[PDB]
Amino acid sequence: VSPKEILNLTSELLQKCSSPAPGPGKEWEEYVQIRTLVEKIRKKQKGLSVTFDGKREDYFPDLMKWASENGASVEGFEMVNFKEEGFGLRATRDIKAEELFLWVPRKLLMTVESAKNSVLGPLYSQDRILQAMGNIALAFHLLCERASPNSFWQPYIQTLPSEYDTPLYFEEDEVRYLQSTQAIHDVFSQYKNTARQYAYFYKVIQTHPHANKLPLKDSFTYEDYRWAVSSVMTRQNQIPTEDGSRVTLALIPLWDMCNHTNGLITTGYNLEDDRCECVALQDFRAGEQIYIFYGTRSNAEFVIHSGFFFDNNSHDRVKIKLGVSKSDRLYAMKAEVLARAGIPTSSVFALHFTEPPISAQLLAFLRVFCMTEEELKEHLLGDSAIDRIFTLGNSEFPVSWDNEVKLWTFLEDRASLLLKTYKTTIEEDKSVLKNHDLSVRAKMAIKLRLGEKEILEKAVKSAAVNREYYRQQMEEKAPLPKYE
C-alpha cells in the first residue's frame, strides 16, 4: 500500500464527511457509505501505530510506582479484571463511606494545558480545531505521548485499554438494531465526526511544518484516532485550572480505573493542595469492588460516550421536541409568556423514567402551550402576572384544572404517537433478548431501543393518571390552590 493511495482515500473521506447532512431519511445510507470508506482505509493500515509487548496488567505496577513518586494514594486497593465492567479497583482493606481514600496530584494529569506545552504545542497554536475543541486536543496529546517512548505519562498510557465499546467499534448489524430510535442519529454523527476529523488531521499533519516533529508524521492510522477519541470520551473530566478562574479537560490516572454504580458524585478537585480527591461512595469491604458515581447521564449517553449500558439507571431519560406553532393564533402571547418565564418558544425537553416524567421547565412550557387567551392575559398583565409566572413550573399550583387536563391529554397523545414511530414493540425487544444469543455490543443497542420505549410508555401511563386526577378536581369543582 503506497502512501499516495492512503492520501487519495483520506481526501475522499474528508470530502464525503464534510458534505452537509443528506436529510434524515438518507442518514443510514450515508452511514454505511462512510463505514465502507473507513473500513477500506483501515484494512490498508497496520492497526494501532504503537503497541506494547506486555499484557495490560503487566503495566499496573509501573502505574502505581509512577503515581506514588508523584504523591498519589497507592495503598488500600488493587487492579482486578472484573467480568461485568472490565478492569477496576478492588479494596484490600475495609473502606468506610466518606473516607478520603484516593487522591491524584495535578502533575499526573493529562490536560489541555499539558497538551499545549508538549511536542503538540506548535501545531496546537496553529490549528483552529485544536484551539476550539479541548477534547480533540486531549486525543492528539494522548497519541503523541503514546508514540513517545520517554513520555512522562507512559506508565498511564501503557495501562489504558486497547479497545472500547463505544459505537465506533460496533459492527454494522449491531448499529442496525438502533434504526428508528432517537439515539441512532447521535451514533451517525459520532461516526461522521470521527471520520471527518481523522481525514482532516491526516492531511493537516502532512501539510503543516509545525507537525514535523510529531511521531504522527511517520504513522497515523484510523485505528489510532478511533482509539484516542474513545479513550478521551470514555474517561475525560472537567477540572478547574491551576489559578481556579477557568475550567479545562483532563485525564485523571489511577482514579479513572473506578467503575460506575448508582449514587452521588463524591469526587472533587482540591485547589489548595492541587489534586483530585475521591471519598468513598459507600462502605467497601476488603475484596469488594470500589465504585464511583460517574454522573447523572442517560443510558444513551453512557452507551455513545461512555461505551456501556447501565441497568437500573435511575437518571435515564429520552428527548421530546416541542414548540409553539407559528400558525397558533395565540403564538405571540404564548411566546411572550415563555420568554418572561425564561423558556424558549421551541426546544428539546426531556422525559424521565420518574413520576412526574417532566421537569419544572417542561411543565411550565406545557401549561403555556395549552393556555386560553384569558389565561395568557393573566400571565402578561397586572400586579399578579409575575407571581403567576413564578409558579408555572410548580406542580402544586396549576393555572386551572382545565389547563392541566389539556396538557396531560396532549402529553399522553404525543408520547403514544412517539411510541408508534419505532420499528419494534417493547414485547418484541424482550423476546429478542430472551430467545437470541447476542454480543455485548448488540445487547447494548437492543436495550437502548427498549429503554427509549419503556420511558415513553411510562410517560403515557403517568399522563393518563394525571389527566384523571385533574379531571376529578374539575368535576368536583375543587378550589384551586393559591400560592400564599
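Residue numbers run from 1 along the displayed sequence. We call the rigid core the largest set of C-alpha positions that still match within 1.5 Å between the two forms.
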Query raised in the report: Which stretch is less alike in 6 other deposited structures of this protein, 429 to 437 or 63 to 71, counting RMS CA distance after the rigid core is superposed?
Result: 429 to 437
**Report entry** Farther-lying stretch by C-alpha RMS in 6 other deposited structures of this protein, rigid core as reference, of 261 to 269 and 288 to 296
**Finding:** 261 to 269
Query - Check: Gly23 without coordinates in a third or more of other entries - result: yes
Query raised in the report: Out of 226 to 234 and 318 to 326, which one has CA B-factors that are higher on average in the deposited record?
Result: 318 to 326
Query raised in the report: In the PDB record, does 14 to 22 or 461 to 469 carry the higher mean Cα temperature factor?
Result: 14 to 22
Report summary line: Top Cα B-factor in this entry, restricted to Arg441, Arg35, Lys447, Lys43, sits on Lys43
Report task. Could you tell me which one of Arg285, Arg367, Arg106, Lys213 shows the highest CA temperature factor in the PDB record? Result -> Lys213
Requested in this report: Rank-wise, by C-alpha B-factor, drop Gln182 into the lowest, middle or highest third of its chain.
Outcome: middle
Query raised in the report: If you rank every modelled residue in this chain by C-alpha B factor, which third holds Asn81: lowest, middle or highest?
Result: lowest
Report task. Determine, from the deposited record, the chain-internal third of the Cα B-factor for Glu412: lowest, middle or highest. Result -> middle
Query - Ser306 CA temperature factor, ranked by third within the chain - result: lowest
Query raised in the report: Going by the entry, which third of its chain does the Cα temperature factor of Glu113 land in?
Result: highest
